[PDB]
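Here you get one chain, nothing else, as structure tokens; it is the form deposited without the ligand.
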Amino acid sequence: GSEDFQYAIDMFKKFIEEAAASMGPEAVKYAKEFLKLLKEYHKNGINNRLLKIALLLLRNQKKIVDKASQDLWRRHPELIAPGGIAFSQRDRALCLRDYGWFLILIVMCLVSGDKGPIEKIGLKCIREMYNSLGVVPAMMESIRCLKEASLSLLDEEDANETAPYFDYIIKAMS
């Protein structure tokens, strides 16, 4: 119980320290506020049925990111073909990394189970991170593939609960 929530906290806390320099100080501020709300929610038993799904996705991040990017590159092969923006290994690696970071921020939104803090804190972290990262190739498409790769690992009933969290992020990034 408390140890699986601590796995999620350790995961988010490790994301923040690794991405702080690249995501910029404003995004770091929003992320830490979200983590404190998440721990405030857990302490008071708020929206606790979303952690089990979040944990599955957290244990399967690399699988998810790999499946999403493979699906992204089949749909748009010019991205990784010569002359494409992810042909060079540096920039392909930056793509994969940035996709993994957008994924973990979405999973933070999932854990809260509440659209209010998702729009007032989580989305501000995603938008500020996007502003700090700058050019993120196929940003919107990659989130859709992250969503499909994620729902891939879930039963129909868990998918029907998780999809509205991806769709709220996708919509809000225009």
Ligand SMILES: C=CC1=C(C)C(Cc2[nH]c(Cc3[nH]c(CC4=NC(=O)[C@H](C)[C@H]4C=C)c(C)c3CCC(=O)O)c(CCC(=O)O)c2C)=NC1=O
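For every residue, the number given is its place in the sequence shown, counted from 1. If you superpose the two forms and keep the largest set of C-alpha atoms that fall within 1.5 Å, you have the rigid core.
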For this session: Report the stretch with the higher mean CA temperature factor, choosing between 151-159 and 15-23 on the basis of the entry.
Result: 151-159
For this session: Using the entry's values, work out which of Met140, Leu110, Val136, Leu146 has the largest Cα B factor.
Result: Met140
Exercise. Is the Cα B-factor recorded for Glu40 in the lowest, middle or highest third of its chain?
Worked result: highest
Problem set entry | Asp66 CA temperature factor, ranked by third within the chain | highest
Problem set entry | Lowest, middle or highest third - CA B-factor, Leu105 | lowest
Exercise. Taking the entry's C-alpha B-factors for this chain, is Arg74 in the lowest, middle or highest third?
Worked result: highest
Problem set entry | Within-chain third of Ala31 by Cα B-factor, per the entry | lowest
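What comes next is about the form deposited with the ligand bound, which is not displayed.
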For this session: Identify the site as open or blocked, taking the pose of the ligand in the deposited complex and overlaying it via the site C-alphas; a blocked site has 3 or more ligand atoms within 2.4 Å of a backbone or C-beta atom of the shown form.
Result: blocked
Exercise. Using 4.5 Å between non-hydrogen atoms, is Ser112 touching the ligand in the deposited complex?
Worked result: no
Exercise. Contact between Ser132 and the ligand in the deposited complex at 4.5 Å, heavy atoms?
Worked result: yes
For this session: Answer with yes or no whether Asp98 is in contact with the ligand in the deposited complex, where contact means some heavy atom within 4.5 Å.
Result: yes
For this session: Indicate whether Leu55 is a 4.5 Å heavy atom neighbour of the ligand in the deposited complex.
Result: no
Problem set entry | Three-residue site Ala19, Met139 and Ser142 fully in contact with the ligand in the deposited complex at 4.5 Å by heavy atom | yes
For this session: With the ligand left out of view, choose which of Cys125, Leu51, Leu35, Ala149 has a non-hydrogen atom within 4.5 angstroms of it in the deposited complex.
Result: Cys125
Exercise. Does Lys43 count as moved between this form and the one not shown, where moved means a C-alpha shift of 2 angstroms or more after fitting the rigid core?
Worked result: yes
Exercise. After fitting the rigid core, is the C-alpha of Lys67 off by 2 Å or more between this form and the one not shown?
Worked result: no
Exercise. For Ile118, is the C-alpha shift between this form and the one not shown 2 Å or more after core superposition?
Worked result: yes
Problem set entry | Cα-Cα trend for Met129 and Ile80, given that in the deposited complex the distance shifts by 3 Å or more | closer
Exercise. Versus the form shown, are the CA atoms of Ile46 and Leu51 closer or farther apart in the deposited complex, given a shift of 3 angstroms or more?
Worked result: closer
